[PDB]
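Residue numbers (full-length UniProt numbering), protein chains in the order written: chain A, 952 to 1004; chain B, 371 to 476; chain C, 213 to 246; chain D, 835 to 883; chain E, 541 to 589; chain F, 492 to 540; chain G, 2 to 177, 197 to 259, 289 to 628, 637 to 736.
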């Protein structure tokens, strides 16, 4: 490639965690999406635990 | 054999020449063809003599058939349409911020 | 001018002659909500 | 719900809200002062099957 | 014009537009019969010359 | 299961019971409203869904 | 007991404001038994919960609440962080939890990979341990039921309504009241036999719009089983002053023709939300009144009332009325008789569109009473302020009068384009027949010619006139149609407006206007046809803001010290650059404790290029005119808080009371600066 790959400048952990969390909160806003994804995670850890990390 | 130059002029000239144009509406919708207000909106009377009734019918039927589809009522479609416009390009976040500030919200 | 005041009175009468109950829009969302 | 004979297949359902003439009885004016009601609604054979 | 000024009959198109809608929707592929005839008879605000 | 008291009371008033002709007339009026549009009837089926 | 009111009730502030004298209750005494309730968070929860659920479900659930039964939620972290909290600080464990799970959590092992504990956690669910557990999919009716029966409720989500939410674990494991026999608060219920709702306030006048939705939905389903009680019944049962919140009622009156001693009622009307302070000032009560008092022109306290309110509708047919401005029959209102007052409540006089400090454009139809309302409005000056001087307002004809052929003269020559007219009177005869309501086809043929005059001359002239006016201060400008202010790119607030009269009759009453009265009227029709249909919205909506806040502040600062209660905030230029003087731009008036708070605000992050001139003004104080153009951002209203009464218009000018000599003018790059005395 011929473009400068922008590396992470190592932002602080607190503010970066807060930023990513608020962004996720914006994405999955209603209880139904969250319930779907949480049920998926539960079913994965019941069955799909091991084939993917 | 025609020149292929990128024409250039000052931004304050583009904004003052283009954005001053206004429509030239020679046969407006009569004032007696609008019902009373419903919030911020008035409705075309069904007995209008204008040509806007076919426009109204087309958009009305389109809206009804769009909203009737059960796909537009799951959280996935809602979320896709939400995230459609959340890009890495500018959106004038300043004036948003300083307009939210004017009502004492952080 | 008396002709002009006749015009004025005729317009005020015609303005008073408005309808009271008139459904002229389309009522289908109202039917569904009903 | 008629199963497979034509003779019991419903071909219209109508309602009346006024009479027709000098006649007065609903059982007489109903056959010619009705309005048909009803409308189809599509489905998906794939989804159902 | 003389007949129009003498006649008691006033033609308001709030009867056609009231007994049936211009956005009635069956068979969502195309226009329904009601919508079709209303679009073919825009009721009026004009001269019946 | 639902429960109801069994003891002397204080003479309530709740006017809810009605006859059959009234239900039938209301049903006829609802049908003659809903007739031939399918947009008045789509949401009912969606709610039952 | 419990009583519900159409307003956001709070235990902190609603006692200070009262709200009961607000709605019209005579609770004023050593009552101290009408204890309010906290419904702020409940309204917020309702708003947040309508986001995911459905309005019918949420409202029909929240209606069955027993607000006199204390209770509370407390949400649990999810199962993983929950187990992490079980482990660390383990002496909080409920005994329901499995014996094996407790015996394995009591161990100090790393728990990196315990082959059996993973299974024991997989088969573990939160619902069995904590008995009342609402849901992630509660379908909320059981929420309100469980709040009704019990003291504490256990949720795994945040979308809950009815009580406050308390935390279970510390903040690490999460992401980012006595009774008084007369409890009150919003959100009526039907839980008990003693829940009542206070009637007397219409549903369409409720301003919160969530309380409004709740009341509409509950009152359309539970009409026959609710307990209505009026303000008088509530009174018999019981027995930082915010500006821009005014009490409004509407007056019930009817028209009477008292000729030769024979009364005859003729018509009944409702004035629709005149503010209470003006009725107190004018001394209006139940009696007869004459609304002309001389030469067929309104007595102008009646004009003030009609211009301070929404419009009057007939009570027989529930439709708008538009009382007659003339003095010619069929209909003439010469004697009225007020008979009573109905629904009372507060409203926010500050329109939501007004957030920044900028000019105001008020569109009105042609035949309105702009001249008389200016004549009546320029006189008011409450605390030596002169709230609306005559020089701060721009007449509607000014932009058209400043042309060599003026605009109306340009359109008078429009009869040449018609197929044949030959004269202005023949034009007025060809257009509308022997009354108004002209022929629509002929009016269209005339409008197709009138339009190019308005798009090619009036718009280019106005695009410069409004800029020149904006340079020299904030001004209140009028127009005849919003298209004039839209085509000519007008900056500021665009307030459409409307008057409760028949404006078309004034165009025949007034005499000395250019062209015949018929021509003025046809011109008004053309402007009305150039109008881009949108809600005009009741002219009083602006006059109420103009007048009402000053009258209230006059009670607070009626007798205080003018030096201590005053301020002024303009554009500052240093003592140098004379080759200190500030242009005012605003004049605040407020109590001393708020002037102290405004003294410390920034006021300096706002810049503009001031251009001082050397011209003299005929006015008494020796002052030189100037100009100013704000750069970057406009002054938001939040700085001038809801507790001060500022002015909405101002001219740009500087006074020179030192070494009188006007030199050469200049531009200086001013900066905003607060300017009050010692105080």
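Using N, Cα and C, we set each Cβ at its ideal position, and we do this for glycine too.
Contact with chain E by residue i, beta-carbon distance below 7 Å
i: residue 222/C; result: no
i: residue 873/D; result: yes
i: residue 465/B; result: no
i: residue 215/C; result: no
Environment of residue i [buried if 16+ CB atoms lie within 10 Å]
i: residue 529/G; result: buried
i: residue 378/B; result: exposed
i: residue 359/G; result: buried
i: residue 100/G; result: exposed
i: residue 545/E; result: exposed
i: residue 68/G; result: buried
i: residue 582/E; result: buried
i: residue 124/G; result: exposed
i: residue 597/G; result: buried
i: residue 251/G; result: buried
i: residue 403/B; result: buried
i: residue 190/G; result: As shown, the structure holds no coordinates for residue 190/G; chain G passes over it, running from 177 to 197.
i: residue 520/F; result: exposed
Residue-level contact to chain C via CB, residue i, 7 Å cutoff
i: residue 524/F; result: yes
i: residue 396/B; result: no
i: residue 572/E; result: no
i: residue 490/G; result: no
i: residue 485/G; result: yes
i: residue 477/G; result: no
i: residue 346/G; result: no
i: residue 366/G; result: yes
Residue-level contact to chain D via CB, residue i, 7 Å cutoff
i: residue 566/E; result: yes
i: residue 529/F; result: yes
Assumed close pair residue i, residue j - CB separation to whole angstroms, cut-off 8 Å
i: residue 523/F; j: residue 849/D; result: 4 Å
i: residue 456/G; j: residue 466/G; result: In fact, because the Cβ distance is near 16 Å, the residues do not count as touching under 8 Å.
i: residue 225/C; j: residue 379/G; result: 6 Å
i: residue 63/G; j: residue 47/G; result: 7 Å
i: residue 527/F; j: residue 557/E; result: Their Cβ separation, rounded to whole angstroms, is 16 Å, which puts residue 527/F and residue 557/E out of contact at 8 Å.
Residue-level contact to chain B via CB, residue i, 7 Å cutoff
i: residue 518/F; result: no
i: residue 559/E; result: no
i: residue 573/G; result: no
i: residue 569/F; result: The first residue shown for chain F is 492 and the last is 540, placing residue 569/F beyond what the model contains.
i: residue 237/C; result: yes
i: residue 222/G; result: no
7 Å Cβ cutoff, residue i in contact with chain A
i: residue 176/G; result: yes
Proximity test, Cβ basis, 7 Å: residue i and chain G
i: residue 226/C; result: yes
Residues bridged to residue i (per DSSP)
i: residue 249/G; result: 218/G
i: residue 305/G; result: 314/G, 384/G
i: residue 296/G; result: 395/G
i: residue 666/G; result: 686/G
i: residue 410/G; result: 526/G, 543/G
i: residue 412/B; result: 407/B
i: residue 712/G; result: 680/G
i: residue 120/G; result: Paired residue(s): none; residue 120/G is not in a bridge.
i: residue 870/D; result: 848/D
i: residue 707/G; result: 523/G
i: residue 390/G; result: 300/G
i: residue 737/G; result: Here chain G has residues from 2 to 736 only, and residue 737/G is not among them.
The ligand NAP heavy atom lying under 6 Å from the CB of residue i
i: residue 859/D; result: With respect to the ligand NAP, the structure shown offers nothing to examine, as it has no ligands at all.
Chain F contact for residue i (CB, 7 Å cutoff)
i: residue 849/D; result: yes
Relative to chain A, which residues along the region 32-58 of chain G have a C-beta separation below 8 Å, given in chain order? Residues passing the 8 Å Cβ filter: 52, 53.
Going along the chain, which residues of the region 968-992 of chain A sit with their C-beta nearer than 7 Å to a C-beta in chain G? Per Cβ criterion, the list reads 969, 972, 973, 981, 982, 986.
Please list, in chain order, the residues of the region 106-139 of chain G that have any C-beta partner in chain H closer than 7 Å. As a matter of chain content, chain H is missing from the structure shown, whose protein chains are A, B, C, D, E, F and G.
Residues in the region 426-440 of chain B with C-beta within 8 Å of chain F's C-beta atoms, listed in sequence order? Those residues of the region 426-440 of chain B that come within reach of chain F (Cβ to Cβ, closer than 8 Å) are 434, 438, 440.
Short of 9 Å Cβ to Cβ, which residues in the region 448-473 of chain B face chain A? Correct list: 448, 449, 452, 453, 456.
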